[PDB]
Each structure stands twice: as structure tokens, then as C-alpha cells.
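A short write-up of the structure that comes next.
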Protein chains: 2
Amino acid sequence: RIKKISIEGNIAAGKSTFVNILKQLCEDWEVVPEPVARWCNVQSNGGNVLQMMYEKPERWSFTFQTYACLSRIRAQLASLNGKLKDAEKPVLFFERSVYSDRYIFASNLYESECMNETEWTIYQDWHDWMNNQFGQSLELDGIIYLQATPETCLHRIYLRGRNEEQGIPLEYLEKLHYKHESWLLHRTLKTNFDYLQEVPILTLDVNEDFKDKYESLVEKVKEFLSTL
Amino acid sequence: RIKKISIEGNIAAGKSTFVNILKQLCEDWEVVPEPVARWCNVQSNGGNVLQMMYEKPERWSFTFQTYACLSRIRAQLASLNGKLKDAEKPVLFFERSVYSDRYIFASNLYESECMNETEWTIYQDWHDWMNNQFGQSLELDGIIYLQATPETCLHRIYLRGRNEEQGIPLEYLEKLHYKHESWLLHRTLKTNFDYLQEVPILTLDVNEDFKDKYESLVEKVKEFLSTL
Ligand SMILES: O=c1ccn([C@@H]2O[C@H](COP(=O)(O)OP(=O)(O)O)[C@@H](O)[C@H]2O)c(=O)[nH]1
Ligand SMILES: O=c1ccn([C@@H]2O[C@H](COP(=O)(O)OP(=O)(O)O)[C@@H](O)[C@H]2O)c(=O)[nH]1
Ligand SMILES: Nc1ccn([C@H]2C[C@H](O)[C@@H](COP(=O)(O)O)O2)c(=O)n1
Ligand SMILES: Nc1ccn([C@H]2C[C@H](O)[C@@H](COP(=O)(O)O)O2)c(=O)n1
Ligand SMILES: [Mg+2]
Ligand SMILES: [Mg+2]
């Protein structure tokens, strides 16, 4: 019933920041953040699976990438049955979609030789199935790509904090950048969900600050949503 | 609409063997085998995740145990919508249930220090969730425990073949045996599904051959089912 918009971007590009600005511009506009919280502390002071992947990827890239996508579905599906469900002109913004999970990060980790054939086969198999049961209602109506040079992102990773991502090199962000570009800009990166084929994509340059110029961006978004 | 019966046993105890005897005793009696096929070949030529777990458990016990339970649900759920669905007095026999997956094998692998805290937490968390969505229709109506000394099993593991299980020692089978005993016989092994509490359990000694004495056993089963 609700219009579902996904906010794609690189690491520390600024989805959270950008969405919070939209969040407070309507009571019929909710958000569904990546559960990065539970990734740094597993539960049911446990363990930090995010950090484990970073410290030794060739070992935890699979474990993580799986838990990560599961955790996201659980979260998106929930906010889907929330109070918002009964409003008039509702819109739900997702911080990333299960698509970038698999086609951007997971994929890139496999190409970076952190997941062997067997692991990467299982992952796709698992993912393919999961998004055929529940995923039937998480289909997107639109996508907003916050474009930003990997250098700008590497900077915002520092400005942010998280003592896990501090070891991340430009190379990694760069590889992840091209992945985004290929998928949302040049639209050459092929999926496995033939519907993304006809899905609208607003791209915004977010290399310059937000808390200031954020006026212009919003205008373009209101515009975009008005055509769905 | 179908009565679901689970056939629990140790490794190579003889479920497959025993069920095939029942399978051919009614057209309203189908079977759902462990997809051990796809576990030895993930591509469907590819990698053998079963063997990987055996060669280096402290590394693949998690990956395997997860795929294994997923694969089972996918299979049980399917046969659940098969032609059998519209018969008169239908019965579907499961080779193992997701319960022994988690409380017998996975559990025991964690206690054997092959899954660290973080892995075992995620597994339970994952499993707890999975069996709350679909699992709602895979609830058992009865269970049949094929009891057999671990030694007898170790023997049948040899008689069978599988060049993966040939490295298995008695200790392993023994540990797995007590697990079974504690859960289905002494019923002291506590779960997390408060309904198994009131579920019927027929135990049969299968230490002596089947292709012969298999008459007696069947009698006791027809008997058991008649009271459900
Ligand atoms: O114009 C901007 C936009 C964002 N940020 C920084 O971006 C960080 C947040 O990055 P974010 O968490 O939003 O990346 P995301 O989680 O949205 O993907 C904040 O600490 C801000 O300091 C900034 O400095 N200037
Ligand atoms: O009375 C019997 C029943 C079974 N088997 C052996 O049990 C093996 C099969 O073990 P099974 O695969 O049935 O264990 P399961 O897969 O049912 O758990 C076969 O090769 C048989 O040779 C046997 O020797 N005598
Ligand atoms: N599918 C995903 C999602 C997140 N992350 C990790 C990578 C970064 O360390 C952090 C990024 O969080 P965010 O995307 O909000 O910047 O989480 C990941 O590896 N794979
Ligand atoms: N939950 C499960 C099911 C099977 N197996 C593995 C262990 C044995 O090598 C083989 C046993 O198959 P079966 O139980 O049909 O004898 O598969 C396992 O480790 N855990
Ligand atoms: Mg965030
Ligand atoms: Mg078998």
C-alpha cells in the first residue's frame, strides 16, 4: 500500500544524514535504517561481526554478508506493518536495499577473493530464495542514488567515527563506487530481478555539504516523488 | 491438512531404509528425504560443503549447519504443496526435523568448540526466526525415533559408503547418541518450541536387520498412527 523508496549510496555518502532531513517534512514519511547497530553487537555485549569481517574478511565475509541481509529484511518488513501503514500519502525510505547487499558489497567481496565458489554460490542461492517469499512486498517504487567521490566518502568515514571502518583504504571505496555507478548510473550492471528494469532513479551530487545547501536537493526529491 | 511425522535417528541408523518400506504401503504416504544430495554438490559439478565441514569443522560447521537447515525447510515446505495435499488420509514422513538440526547436530558442534559464541548466537537467532514464519505449518503430529547403538551406526556408515563420513569416529556418534536419547527418550533436553511438549513419540529398536524382521516394526507404526 505504501510507496517504497530506496536510498543508495557509498559508505558514509550520507543517506542517514540526507533522509533525516526528509523525515522531518511529513508525518507520512518514515525511515528504515540499516541495522548497523545489531551488526556491532549481535544479540537475540556479545560480539562485533562487522569488525570481524574487516579484521579477517576471507573468513567472515560470508557469515557477515548473510546476517546483514537477513537483518535488513527483518527490519524493512517490520516498518512495513507499522502505524504508517494506515496514513494517506505514505512513503517509506530504506537505507540501502537487499539489491546493493548482494550486487554491490557481497559481489565485490567475492571478486576480491574473500568468498570462495561454494560460499558465493550458497549466498546467491539463499538470497534468490529469500527475496521470492517476503521480498514480494518490498519491491521498490523508486531509488535515490546519493553520488559522491570515494575520496569524499573516505573523508566522511573519518568525520563519522566508527573505529571499525578506520582501516578502510581508498581502493575499497573506489571498487564499491564503480559498482554503484555501473548499476544506478550506466544501468549496465545486470541483476536477477527483471523489474528493477523499469524503476525510476534520481541521482544527486552530494559532494558539497548538506546542513546548508540541503534546500535544492529536497526540491528535486519532492519533484521526483510527484511522478510515481 | 496433512499429518506430518518426523523420523529421527542417528547417522546411518536407517530412516531412509525404514521409510521406503512404509512408502510402499499406501499412495497417501509420501517422503521428504534430507537433501544430502545438494550438500555434496552445491552447484547442481561444484563444491562439497558436507566434506568441507568434516575436513575442517572449526571453519565450516557454521556455513554448513545453516545451509543444511535452510535446504531442509525449502524441501519440506515443497512436498507440503504437492499432489499428496488433496488425498484422503495423507501422511508425510520427514527424514529428520529442523529440531534435531539445531538441538542435536549444531548444538553438539558448538559444545565441541567448532562454533564460537558469535556463530552459535547467530545460528540460534536465525533458526528461531525462520521457524516462526513458515515453520508455522511444519509443526509435527508425531515422531518416530529409530534407536540404535552408536556402534551399530558406525557399522552402517561403513556398509553405506559416502567417502565423507568414513573419517567419523565412535566418539562423535556417541555424543550424538546421548543427544538423541536425552531429547526423545528421557525427554529432559529442553527446546524452545513449547509444543513439542505434547507430541507423541514411538521408539523402535533397529539394531537388528530390517529387510527381514521389518514386519513387526510396521505393525507398531500402523498402531501409532491410528492414535493421532
Ligand atoms: O554535508 C555533509 C553531510 C554529511 N556529513 C557527515 O556525514 C556523516 C554521516 O555519514 P552517514 O552516516 O549519514 O553515511 P550513511 O550512514 O547515511 O550512509 C556525519 O557524521 C556528518 O559529519 C558532513 O560532514 N557534511
Ligand atoms: O537392517 C539393515 C538396515 C539398514 N542397513 C544398512 O543401512 C544403510 C543405510 O543407512 P541409511 O542411509 O538408511 O541411514 P539414514 O540415511 O536412513 O539415516 C544401507 O546401506 C544398508 O546396507 C543394514 O545393513 N541392515
Ligand atoms: N551490505 C552491506 C552493508 C554495510 N556494510 C558495512 C560496510 C561499512 O563498514 C558499513 C557501512 O554502513 P553504511 O552503509 O550505513 O555507511 O557497514 C557491508 O559491508 N555490507
Ligand atoms: N543436521 C544434520 C544432518 C546431516 N548431517 C551430516 C552428518 C553426516 O555426515 C550425514 C548424515 O546424514 P543422515 O543423517 O541422513 O545419515 O550428514 C549433519 O551434520 N547435520
Ligand atoms: Mg547510517
Ligand atoms: Mg539417507
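Identifiers in the C-alpha cells: chain A, B, ... in order shown; residue index from 1 per chain; ligand index from 1 in order shown.
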
* With a distance threshold of 8 Å and counting only C-alpha atoms, extract the residues of chain A near chain B and express them as a PyMOL selection string. => chain A and resi 42-44+46-47+49+63+67+117-118+121-122

Keeping only N, CA and C atoms, take the residues you just selected and write them out as a PDB file, in the first residue's frame.
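Written out: out.pdb:
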ATOM      1  N   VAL A  42      25.969  -8.422  18.266  1.00  0.00           N
ATOM      2  CA  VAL A  42      24.993  -9.449  17.961  1.00  0.00           C
ATOM      3  C   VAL A  42      24.188  -9.717  19.214  1.00  0.00           C
ATOM      4  N   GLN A  43      22.952 -10.169  19.038  1.00  0.00           N
ATOM      5  CA  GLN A  43      22.084 -10.490  20.162  1.00  0.00           C
ATOM      6  C   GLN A  43      20.962 -11.399  19.663  1.00  0.00           C
ATOM      7  N   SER A  44      19.945 -11.599  20.495  1.00  0.00           N
ATOM      8  CA  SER A  44      18.815 -12.453  20.143  1.00  0.00           C
ATOM      9  C   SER A  44      17.491 -11.668  20.115  1.00  0.00           C
ATOM     10  N   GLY A  46      27.685  -8.923  23.371  1.00  0.00           N
ATOM     11  CA  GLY A  46      28.055 -10.109  22.609  1.00  0.00           C
ATOM     12  C   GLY A  46      29.322 -10.003  21.775  1.00  0.00           C
ATOM     13  N   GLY A  47      29.167 -10.017  20.451  1.00  0.00           N
ATOM     14  CA  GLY A  47      30.311  -9.913  19.555  1.00  0.00           C
ATOM     15  C   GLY A  47      30.090  -8.859  18.479  1.00  0.00           C
ATOM     16  N   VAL A  49      30.375  -8.635  14.745  1.00  0.00           N
ATOM     17  CA  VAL A  49      30.539  -9.284  13.458  1.00  0.00           C
ATOM     18  C   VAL A  49      31.011  -8.319  12.368  1.00  0.00           C
ATOM     19  N   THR A  63      29.731 -15.124   6.579  1.00  0.00           N
ATOM     20  CA  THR A  63      28.907 -15.030   7.774  1.00  0.00           C
ATOM     21  C   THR A  63      28.220 -13.670   7.912  1.00  0.00           C
ATOM     22  N   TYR A  67      24.111 -12.501   7.559  1.00  0.00           N
ATOM     23  CA  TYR A  67      23.422 -11.904   8.700  1.00  0.00           C
ATOM     24  C   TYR A  67      22.951 -10.512   8.314  1.00  0.00           C
ATOM     25  N   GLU A 117      34.060 -20.060  -4.285  1.00  0.00           N
ATOM     26  CA  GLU A 117      32.944 -20.502  -5.129  1.00  0.00           C
ATOM     27  C   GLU A 117      31.734 -20.954  -4.337  1.00  0.00           C
ATOM     28  N   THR A 118      31.964 -21.960  -3.499  1.00  0.00           N
ATOM     29  CA  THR A 118      30.955 -22.566  -2.634  1.00  0.00           C
ATOM     30  C   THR A 118      30.170 -21.556  -1.801  1.00  0.00           C
ATOM     31  N   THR A 121      28.120 -19.266  -4.033  1.00  0.00           N
ATOM     32  CA  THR A 121      27.019 -19.959  -4.703  1.00  0.00           C
ATOM     33  C   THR A 121      25.870 -20.008  -3.717  1.00  0.00           C
ATOM     34  N   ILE A 122      26.184 -20.458  -2.512  1.00  0.00           N
ATOM     35  CA  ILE A 122      25.211 -20.532  -1.445  1.00  0.00           C
ATOM     36  C   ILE A 122      24.565 -19.166  -1.213  1.00  0.00           C
TER      37      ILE A 122
END

* For residue 105 in chain A, work out the shell of residues within 12 Å, counting only C-alpha atoms and skipping chain neighbours fewer than 4 positions away, then give it as a PyMOL selection string. => chain A and resi 9-11+61-62+64-66+68-69+96-101+109-112+114-115+172-173+175-180

Just the selected residues (N, CA and C atoms), exported as an mmCIF file, in the first residue's frame, please.
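Generated output (out_27.cif):
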data_model
loop_
_atom_site.group_PDB
_atom_site.id
_atom_site.type_symbol
_atom_site.label_atom_id
_atom_site.label_comp_id
_atom_site.auth_asym_id
_atom_site.auth_seq_id
_atom_site.Cartn_x
_atom_site.Cartn_y
_atom_site.Cartn_z
ATOM 1 N N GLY A 9 23.825 4.589 -1.816
ATOM 2 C CA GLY A 9 24.978 5.463 -1.727
ATOM 3 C C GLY A 9 26.174 4.650 -1.298
ATOM 4 N N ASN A 10 27.357 5.255 -1.314
ATOM 5 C CA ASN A 10 28.553 4.533 -0.902
ATOM 6 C C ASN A 10 28.599 4.564 0.627
ATOM 7 N N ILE A 11 29.703 4.121 1.211
ATOM 8 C CA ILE A 11 29.826 4.133 2.662
ATOM 9 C C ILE A 11 30.077 5.559 3.095
ATOM 10 N N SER A 61 33.469 -12.801 5.695
ATOM 11 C CA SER A 61 32.746 -12.080 4.660
ATOM 12 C C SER A 61 31.432 -12.771 4.408
ATOM 13 N N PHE A 62 31.445 -14.096 4.424
ATOM 14 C CA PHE A 62 30.211 -14.826 4.218
ATOM 15 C C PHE A 62 29.281 -14.672 5.412
ATOM 16 N N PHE A 64 29.012 -12.607 7.777
ATOM 17 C CA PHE A 64 28.519 -11.240 7.874
ATOM 18 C C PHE A 64 27.470 -10.920 6.809
ATOM 19 N N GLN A 65 27.901 -10.930 5.550
ATOM 20 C CA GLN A 65 27.021 -10.634 4.428
ATOM 21 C C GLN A 65 25.663 -11.310 4.490
ATOM 22 N N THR A 66 25.610 -12.488 5.108
ATOM 23 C CA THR A 66 24.368 -13.238 5.262
ATOM 24 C C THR A 66 23.537 -12.602 6.360
ATOM 25 N N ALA A 68 23.807 -9.792 7.604
ATOM 26 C CA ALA A 68 23.473 -8.439 7.192
ATOM 27 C C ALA A 68 22.195 -8.363 6.375
ATOM 28 N N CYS A 69 22.090 -9.184 5.342
ATOM 29 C CA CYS A 69 20.896 -9.151 4.514
ATOM 30 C C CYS A 69 19.664 -9.647 5.269
ATOM 31 N N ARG A 96 19.578 1.742 1.894
ATOM 32 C CA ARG A 96 20.067 0.593 1.119
ATOM 33 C C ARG A 96 18.964 -0.436 0.903
ATOM 34 N N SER A 97 19.098 -1.243 -0.141
ATOM 35 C CA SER A 97 18.128 -2.288 -0.418
ATOM 36 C C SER A 97 18.889 -3.601 -0.470
ATOM 37 N N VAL A 98 18.177 -4.715 -0.407
ATOM 38 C CA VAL A 98 18.839 -6.008 -0.457
ATOM 39 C C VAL A 98 19.580 -6.184 -1.769
ATOM 40 N N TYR A 99 19.315 -5.299 -2.721
ATOM 41 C CA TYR A 99 19.962 -5.383 -4.020
ATOM 42 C C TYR A 99 21.418 -4.962 -3.952
ATOM 43 N N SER A 100 21.704 -3.875 -3.246
ATOM 44 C CA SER A 100 23.085 -3.436 -3.133
ATOM 45 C C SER A 100 23.839 -4.382 -2.208
ATOM 46 N N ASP A 101 23.109 -5.054 -1.323
ATOM 47 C CA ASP A 101 23.704 -6.024 -0.398
ATOM 48 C C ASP A 101 24.450 -7.067 -1.204
ATOM 49 N N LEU A 109 32.956 -8.486 -2.690
ATOM 50 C CA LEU A 109 33.788 -9.221 -1.744
ATOM 51 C C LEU A 109 34.232 -10.539 -2.359
ATOM 52 N N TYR A 110 33.362 -11.122 -3.174
ATOM 53 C CA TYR A 110 33.658 -12.379 -3.842
ATOM 54 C C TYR A 110 34.733 -12.165 -4.910
ATOM 55 N N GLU A 111 34.605 -11.073 -5.653
ATOM 56 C CA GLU A 111 35.566 -10.764 -6.691
ATOM 57 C C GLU A 111 36.901 -10.454 -6.027
ATOM 58 N N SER A 112 36.859 -9.934 -4.805
ATOM 59 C CA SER A 112 38.077 -9.597 -4.078
ATOM 60 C C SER A 112 38.641 -10.842 -3.419
ATOM 61 N N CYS A 114 37.271 -13.115 -1.233
ATOM 62 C CA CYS A 114 37.023 -13.226 0.197
ATOM 63 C C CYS A 114 35.920 -14.253 0.435
ATOM 64 N N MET A 115 35.320 -14.716 -0.652
ATOM 65 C CA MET A 115 34.284 -15.736 -0.597
ATOM 66 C C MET A 115 34.650 -16.723 -1.689
ATOM 67 N N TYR A 172 39.203 0.140 -1.668
ATOM 68 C CA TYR A 172 37.932 -0.489 -1.335
ATOM 69 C C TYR A 172 36.759 0.394 -1.707
ATOM 70 N N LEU A 173 36.789 1.645 -1.272
ATOM 71 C CA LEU A 173 35.702 2.574 -1.573
ATOM 72 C C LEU A 173 35.595 2.798 -3.056
ATOM 73 N N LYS A 175 36.437 0.638 -5.527
ATOM 74 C CA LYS A 175 35.816 -0.544 -6.123
ATOM 75 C C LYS A 175 34.311 -0.468 -5.911
ATOM 76 N N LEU A 176 33.899 -0.166 -4.692
ATOM 77 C CA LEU A 176 32.485 -0.054 -4.366
ATOM 78 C C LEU A 176 31.790 1.085 -5.109
ATOM 79 N N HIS A 177 32.551 2.092 -5.490
ATOM 80 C CA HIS A 177 31.980 3.232 -6.185
ATOM 81 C C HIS A 177 31.577 2.838 -7.594
ATOM 82 N N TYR A 178 32.520 2.244 -8.322
ATOM 83 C CA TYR A 178 32.283 1.810 -9.674
ATOM 84 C C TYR A 178 31.085 0.891 -9.685
ATOM 85 N N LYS A 179 30.970 0.041 -8.676
ATOM 86 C CA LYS A 179 29.829 -0.862 -8.612
ATOM 87 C C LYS A 179 28.545 -0.043 -8.614
ATOM 88 N N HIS A 180 28.485 0.986 -7.777
ATOM 89 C CA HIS A 180 27.295 1.818 -7.738
ATOM 90 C C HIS A 180 27.046 2.439 -9.105
#

* Select from chain A everything DSSP, run on the backbone, classes as strand (DSSP E or B), then give the selection as a PyMOL selection string. => chain A and resi 3-9+29-32+91-95+142-147+201-205

For the selection just defined, write its residues with N, CA, C and O atoms to a file, as a short mmCIF file (atom, residue, chain, number, x, y, z; two decimals), in the first residue's frame.
data_model
loop_
_atom_site.label_atom_id
_atom_site.label_comp_id
_atom_site.auth_asym_id
_atom_site.auth_seq_id
_atom_site.Cartn_x
_atom_site.Cartn_y
_atom_site.Cartn_z
N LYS A 3 4.31 3.64 -0.64
CA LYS A 3 5.32 3.81 -1.68
C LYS A 3 6.68 3.58 -1.00
O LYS A 3 6.98 4.21 0.01
N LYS A 4 7.48 2.66 -1.55
CA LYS A 4 8.81 2.34 -1.00
C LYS A 4 9.96 2.89 -1.84
O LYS A 4 10.16 2.49 -2.99
N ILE A 5 10.72 3.81 -1.26
CA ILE A 5 11.85 4.42 -1.94
C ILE A 5 13.16 3.99 -1.27
O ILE A 5 13.27 4.00 -0.05
N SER A 6 14.14 3.59 -2.07
CA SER A 6 15.43 3.15 -1.55
C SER A 6 16.48 4.23 -1.72
O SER A 6 16.56 4.86 -2.77
N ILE A 7 17.30 4.43 -0.69
CA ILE A 7 18.35 5.43 -0.76
C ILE A 7 19.73 4.78 -0.83
O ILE A 7 20.31 4.40 0.19
N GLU A 8 20.23 4.65 -2.06
CA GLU A 8 21.53 4.04 -2.32
C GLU A 8 22.67 5.05 -2.27
O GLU A 8 22.51 6.21 -2.64
N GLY A 9 23.83 4.59 -1.82
CA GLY A 9 24.98 5.46 -1.73
C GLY A 9 26.17 4.65 -1.30
O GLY A 9 26.03 3.47 -0.96
N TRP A 29 6.00 10.16 6.32
CA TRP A 29 7.32 9.82 5.80
C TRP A 29 8.16 9.23 6.94
O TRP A 29 8.63 9.94 7.82
N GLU A 30 8.35 7.91 6.90
CA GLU A 30 9.11 7.18 7.92
C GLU A 30 10.43 6.68 7.32
O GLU A 30 10.65 6.77 6.11
N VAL A 31 11.31 6.15 8.17
CA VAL A 31 12.60 5.64 7.70
C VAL A 31 12.95 4.28 8.27
O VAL A 31 12.51 3.93 9.37
N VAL A 32 13.73 3.51 7.53
CA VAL A 32 14.16 2.18 7.95
C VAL A 32 15.66 2.06 7.77
O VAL A 32 16.14 1.63 6.72
N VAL A 91 5.05 7.18 2.61
CA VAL A 91 6.30 6.92 1.92
C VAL A 91 7.29 6.38 2.93
O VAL A 91 7.48 6.95 4.01
N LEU A 92 7.93 5.27 2.58
CA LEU A 92 8.89 4.64 3.46
C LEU A 92 10.26 4.62 2.78
O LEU A 92 10.41 4.08 1.69
N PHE A 93 11.25 5.24 3.42
CA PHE A 93 12.60 5.30 2.87
C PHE A 93 13.51 4.24 3.48
O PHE A 93 13.64 4.13 4.70
N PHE A 94 14.15 3.46 2.61
CA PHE A 94 15.06 2.40 3.03
C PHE A 94 16.51 2.88 2.93
O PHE A 94 16.88 3.53 1.95
N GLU A 95 17.32 2.57 3.93
CA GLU A 95 18.73 2.93 3.85
C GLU A 95 19.27 1.67 3.19
O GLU A 95 19.36 0.63 3.86
N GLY A 142 10.88 3.43 -6.40
CA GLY A 142 11.87 4.39 -6.86
C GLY A 142 13.18 4.26 -6.09
O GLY A 142 13.20 3.66 -5.01
N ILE A 143 14.26 4.81 -6.63
CA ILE A 143 15.57 4.76 -5.98
C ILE A 143 16.26 6.10 -6.05
O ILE A 143 16.19 6.79 -7.06
N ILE A 144 16.94 6.48 -4.98
CA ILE A 144 17.66 7.74 -4.95
C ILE A 144 19.13 7.47 -4.67
O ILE A 144 19.50 7.05 -3.57
N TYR A 145 19.96 7.70 -5.68
CA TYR A 145 21.39 7.47 -5.59
C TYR A 145 22.16 8.72 -5.17
O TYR A 145 22.23 9.69 -5.92
N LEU A 146 22.70 8.71 -3.95
CA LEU A 146 23.50 9.83 -3.46
C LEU A 146 24.94 9.61 -3.97
O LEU A 146 25.74 8.86 -3.40
N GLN A 147 25.24 10.26 -5.09
CA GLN A 147 26.54 10.13 -5.73
C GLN A 147 27.58 10.99 -5.04
O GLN A 147 27.32 12.13 -4.67
N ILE A 201 15.11 6.42 -11.20
CA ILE A 201 16.31 6.66 -10.40
C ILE A 201 16.81 8.11 -10.39
O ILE A 201 17.39 8.59 -11.36
N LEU A 202 16.61 8.79 -9.26
CA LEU A 202 17.08 10.16 -9.12
C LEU A 202 18.49 10.15 -8.56
O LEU A 202 18.72 9.58 -7.49
N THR A 203 19.42 10.78 -9.26
CA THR A 203 20.80 10.85 -8.80
C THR A 203 21.13 12.27 -8.33
O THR A 203 20.83 13.23 -9.03
N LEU A 204 21.73 12.40 -7.16
CA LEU A 204 22.06 13.72 -6.62
C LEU A 204 23.52 13.84 -6.23
O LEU A 204 24.04 12.96 -5.54
N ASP A 205 24.18 14.92 -6.64
CA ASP A 205 25.58 15.10 -6.27
C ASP A 205 25.64 15.60 -4.83
O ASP A 205 25.19 16.72 -4.53
#

* **Environment of ligand 5 within 8 Å, counting only C-alpha atoms and all ligand atoms, reported as an MDAnalysis selection string** => chainID A and resid 12 14:17 33:34 36 95

Atoms kept (N, CA and C atoms) for selection, written as a PDB file, in the first residue's frame:
ATOM      1  N   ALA A  12      29.265   6.042   4.021  1.00  0.00           N
ATOM      2  CA  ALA A  12      29.425   7.397   4.536  1.00  0.00           C
ATOM      3  C   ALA A  12      29.121   8.486   3.512  1.00  0.00           C
ATOM      4  N   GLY A  14      26.164   9.605   2.978  1.00  0.00           N
ATOM      5  CA  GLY A  14      25.246  10.470   3.697  1.00  0.00           C
ATOM      6  C   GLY A  14      23.760  10.204   3.554  1.00  0.00           C
ATOM      7  N   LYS A  15      23.346   8.939   3.519  1.00  0.00           N
ATOM      8  CA  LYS A  15      21.918   8.620   3.409  1.00  0.00           C
ATOM      9  C   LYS A  15      21.247   9.056   4.710  1.00  0.00           C
ATOM     10  N   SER A  16      21.672   8.455   5.815  1.00  0.00           N
ATOM     11  CA  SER A  16      21.142   8.761   7.134  1.00  0.00           C
ATOM     12  C   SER A  16      20.976  10.269   7.233  1.00  0.00           C
ATOM     13  N   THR A  17      22.076  10.999   7.082  1.00  0.00           N
ATOM     14  CA  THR A  17      22.032  12.455   7.157  1.00  0.00           C
ATOM     15  C   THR A  17      20.969  13.068   6.254  1.00  0.00           C
ATOM     16  N   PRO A  33      16.419   2.441   8.801  1.00  0.00           N
ATOM     17  CA  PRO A  33      17.879   2.422   8.833  1.00  0.00           C
ATOM     18  C   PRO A  33      18.498   1.041   8.788  1.00  0.00           C
ATOM     19  N   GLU A  34      19.718   0.957   8.271  1.00  0.00           N
ATOM     20  CA  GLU A  34      20.422  -0.311   8.239  1.00  0.00           C
ATOM     21  C   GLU A  34      20.601  -0.647   9.692  1.00  0.00           C
ATOM     22  N   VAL A  36      22.791  -1.354  11.468  1.00  0.00           N
ATOM     23  CA  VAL A  36      24.223  -1.386  11.745  1.00  0.00           C
ATOM     24  C   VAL A  36      24.475  -1.503  13.239  1.00  0.00           C
ATOM     25  N   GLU A  95      17.323   2.571   3.926  1.00  0.00           N
ATOM     26  CA  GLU A  95      18.732   2.934   3.851  1.00  0.00           C
ATOM     27  C   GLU A  95      19.268   1.668   3.194  1.00  0.00           C
TER      28      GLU A  95
END

* Between B:220, B:213, B:72, B:89, single out the one closest to ligand 4, counting only C-alpha atoms and all ligand atoms. =>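 Ranked by minimum distance to ligand 4, first place goes to B:72.
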
* From a DSSP calculation on the backbone, collect every residue of range 8-194 of chain A in alpha helix (DSSP H) and output the set as a ChimeraX atom specification. => /A:15-23,36-40,49-55,57-79,98-100,107-111,117-133,150-160,170-180
